[PDB]
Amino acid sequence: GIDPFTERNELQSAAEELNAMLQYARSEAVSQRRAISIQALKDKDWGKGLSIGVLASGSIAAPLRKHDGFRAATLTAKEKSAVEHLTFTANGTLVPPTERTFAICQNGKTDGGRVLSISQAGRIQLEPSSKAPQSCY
């Protein structure tokens, strides 16, 4: 596009917000020694609103924290398997401990897209900028 610096900046910020919310859910599960979940409110798009807290019957009745969604316009954050929620446990692992891959894209294209990974141990990592997603999912 006309301004590569801004494109990278907006994708970087969005990836950081999603990272921060996932890290918060994980750190709270570890601190509280209980299952703390994070749920995408809309479209299974983790950039359109998040709720964090105790999950029961598919809902978080009393969120510990909410995220209002990415600030920039054309962004999506979708997971490889289209998960709508994740649940961290007391030892930092997800249940189930399945590797997760989020693609953070602008305009539904992978150009300059970012990858945020969750390992089998539950560790959350923003992949370097050289790594683009295989798909925006």
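From 1 onward, residues are counted along the sequence shown.
Look at the mean CA B-factor for 94-102 and for 70-78 in the entry; the higher one is 70-78. Remark: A62 belongs to the highest third of its chain, ranked by C-alpha B-factor as recorded.
For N107, the recorded CA B-factor ranks within the highest third of the chain. Only modelled residues enter the ranking. Among all modelled residues in this chain, the alpha-carbon of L41 has a temperature factor (C-alpha) in the highest third.
Sort the chain's modelled residues by C-alpha temperature factor and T87 lands in the lowest third, per the entry. Looking at the C-alpha B-factors along this chain, the one for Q125 belongs to the middle third.
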